[PDB]
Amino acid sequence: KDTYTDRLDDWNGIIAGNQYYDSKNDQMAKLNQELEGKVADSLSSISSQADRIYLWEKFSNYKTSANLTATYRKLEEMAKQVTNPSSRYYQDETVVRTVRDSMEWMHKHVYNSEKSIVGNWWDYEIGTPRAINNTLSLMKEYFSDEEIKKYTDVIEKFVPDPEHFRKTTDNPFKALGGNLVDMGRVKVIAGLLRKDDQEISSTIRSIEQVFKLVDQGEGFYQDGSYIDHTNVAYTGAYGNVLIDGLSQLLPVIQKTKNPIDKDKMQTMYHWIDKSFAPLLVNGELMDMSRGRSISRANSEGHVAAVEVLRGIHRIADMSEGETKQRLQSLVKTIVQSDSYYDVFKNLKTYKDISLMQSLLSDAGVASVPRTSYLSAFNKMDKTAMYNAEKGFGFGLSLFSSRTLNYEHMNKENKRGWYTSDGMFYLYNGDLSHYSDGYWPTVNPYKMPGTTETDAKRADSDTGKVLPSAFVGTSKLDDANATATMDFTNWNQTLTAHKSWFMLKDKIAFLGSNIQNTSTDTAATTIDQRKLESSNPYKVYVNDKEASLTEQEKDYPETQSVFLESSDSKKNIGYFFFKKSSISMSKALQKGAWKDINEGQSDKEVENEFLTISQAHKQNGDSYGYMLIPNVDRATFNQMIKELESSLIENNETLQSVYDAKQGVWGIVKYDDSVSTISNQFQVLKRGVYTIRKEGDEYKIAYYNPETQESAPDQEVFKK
C-alpha cells in the first residue's frame, strides 16, 4: 500500500512476530499454543447473539471500563492467530468475520465518539485504543481504509492531544513517563492507520519529553530515581511500561519522517544502568519500586523483571558496538542467574522469544556474575544494595516529606500501609521469597523492619507523605552506606529515629527515641520471613536450638538468633548488640489476592512465615542488631564476637556502628553538637555519615538529607 502500511508491518513484527514463527521452535510453539487456547475459548463463549447485551458474559457490565479493554484484547488475540500461517485459525473465515462483526458491534453500542468515559479513563484512552490499533494493524488486509478510520475516530475523540490525558474530562493531566509512552502506542499507531502525518509528528515530538532527566516532579532523575504519580517511587511499574513500550515503538518511529535524534535517546542507557539494573537481583525486580503492582498475582517480582529485561534487550538489539554487547551481556547475566523463573514465561511475541534464544546461545556474548553495587536513590527515598561475593541483595524502603509512602488506587494494594515505614528486603538463595503468594499472605501489620503500634488499619486508607524531610542515604562506595529516617507513624502517635548501617556483608539496624502516646502497643518487626517447606529452617537462640510454634514464645536476654538452612546462601543471623527481649513464632498464614486487590482472585492462598519482633513498652526505648546473611553457623558465631564492640552509640541524637575489620564507621547525627568518635575524629553536622580510615587518611561521605546536599569536609569532619 504505502509507507504507513510499511511501518504497520514493522509494528506487527514487533507486537506479534508471526513472520518469525517456527513450529519446530519449542518456546515459540508454546506461546502459539497458548494463543490458540485463548482464541478457542473466546470463539466458543462469544455470544452468537441476535444482537445481545454483550459479546462475552465474563465482560458484560460495560459500566466497568475494564470490560471494554478485555473485550477488544480478545479480538487482538484473534487477529494474531488469523495472520499466523501455523495457527489452526489462519485465514479462518469465521474468525475474520467474528473480529469484523465484533468491531462493528462494540463500535455500535459500547465504544464510540458519542460516548463518555464511564469508570477508568485509562481503558478509554490507553487500554482499548491500543487493542484496537493492534487489531486493525494486524488485520489491515481484511479491513478497508475507510473502516479503519471509522474504527479509530473514537480514539481521536478520547485522545486528540498527544500531550494530555483525560482530555474529555473536567481535569485533564500532562502526559509523562509511562503514560506518555502509551500515548505513542496509541497515537503513533492510530496515526499510521489513519495515514495522518500531523498526528504522527505531533505525537513523536511529544514522546521526546520522555528523554529528559528532571530534578523535580515525575520522570527519571540523575541519581537513578524514577517518580510517577506526583511523588511515588515507581521505577518498577510505570518505568517498566515506559521502557517496554518505548522499545517497541522506537524501531517504527525511527523509520518515519520524524525520527528521534541520537543524543536525545542517549539517556535511555542512563535509565538502564542507573535506574533499572540496580533493582534487579537474581532476575527479580525489587517490589519497593513497583508500587501497587505488588498486589497483582500475575506480576510477582520475577515476572515484572522480564518487562524491563525484554525492553532492555530490544534496545540492545537496535544498538551497536560495545553498547549492544554490554547491554546484551547485562540481559544475559541477569536471566541466567535466575534459577527460579523461566524468562520465556513472559516473552509474549515470537521476536522477543527469538532474540532471547540467540542471546542465551551466543558464546560471543559474555555472561559474568554481576559485581557488587550500592545505589542510593535519594530522589525516591529507596536504597538498593548487592554483594556479589556473598551473593545477597538488600532493599531499604523509606519515604519522606518528598514522597508518598504507598499507593492504594483503583482498589489495588489495600494493605501496603507500612511497606515504606523503614521496611527492608533481603534477597538471598530463595529466589521465590517474595513470590508464590507472599503479598496476599504476609501479615500487613508486621512488615519487616518496621516500627508500628497494633492499631487496626482500614483498607480504604490512602498514602501520605512524611512530616520530616530527614530521610536519606550517604553512600561511601559500592559496599558501604548509611541511612536514617526521622520516623513518625500514620496517626502521629509514635516516633523513632530509625537508622541503617550497610557494611558490605551485613546491615545494622538501629532505632532510638522510640515514643508512643497512644494506648496501642508498639513493636518493631525484626523480620517476617516466608518459608519453603522443602528447605526448613533450624532455629537457634543464643546458639541453642529453639522450637518455634504457631503461638508466640518470648526470648528475653537474647544476644542472637540464627536461621539455619541446608543452603548457607539462605542463612540469616541477627546479632543484638545488647541483650534484647524478643518474641518469635512460625505460623501458617492464609489470605487471598482479592484481599489486597479487589480485581484479583478470592482463591485461598497460604504460606508459612517466621516472625521475629521486639516490643517497645517504654518511652525512649530502642533496638539494635546486625543482620548477617549467607554465612554458616560457626562463621556467624565467630563474627558476632568480632562485632562485640561494633555499637558506638544509639541514643536520641547519635547512632553509629563501627566495622573494625573494614575500618568503616556509619554515623547519623540529629543535631549540630560535636560528636567524638572512637577517640579518633569528630563529626560536627546534623546528617548522615559513612567514613573509612586508610592509614592516617580518612575517606568521608556526608549527606544532609534535608537540604539534599553534602558539605566541605572541614565543615563536618575534624581530626
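Here, rigid core means the biggest group of C-alpha atoms that superpose within 1.5 Å across both forms. Don't overthink the numbering: it's just position in the shown sequence, from 1.
Of the two stretches examined, 20 to 28 and 692 to 700, the one with higher mean CA deviation in 5 other deposited structures of this protein after a rigid core fit is 20 to 28. Superposing on the core and measuring CA offsets in 5 other deposited structures of this protein, the stretch of 394 to 402 and 256 to 264 with the greater mean deviation is 256 to 264. Mean CA temperature factor is higher for 159 to 167 when stretches 159 to 167 and 590 to 598 are set side by side in the entry. As recorded in the PDB entry, 552 to 560 is the stretch of 552 to 560 and 503 to 511 with the greater mean C-alpha temperature factor. By the numbers in the PDB entry, the CA B factor is greatest at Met265 among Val335, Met265, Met485, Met423. Comparing the listed residues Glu389, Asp352, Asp567, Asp92, the entry records the largest Cα B-factor for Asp92. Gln662: CA B factor lies in the middle third for its chain, per the PDB record. In this PDB entry, the Cα temperature factor of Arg88 sits in the middle third of its chain's modelled residues. Split the chain's modelled residues into thirds by C-alpha temperature factor. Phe681 is in the middle one. Sort the chain's modelled residues by C-alpha temperature factor and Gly177 lands in the middle third, per the entry. Ranked by C-alpha B-factor against the other modelled residues of its chain, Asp197 falls in the highest third.
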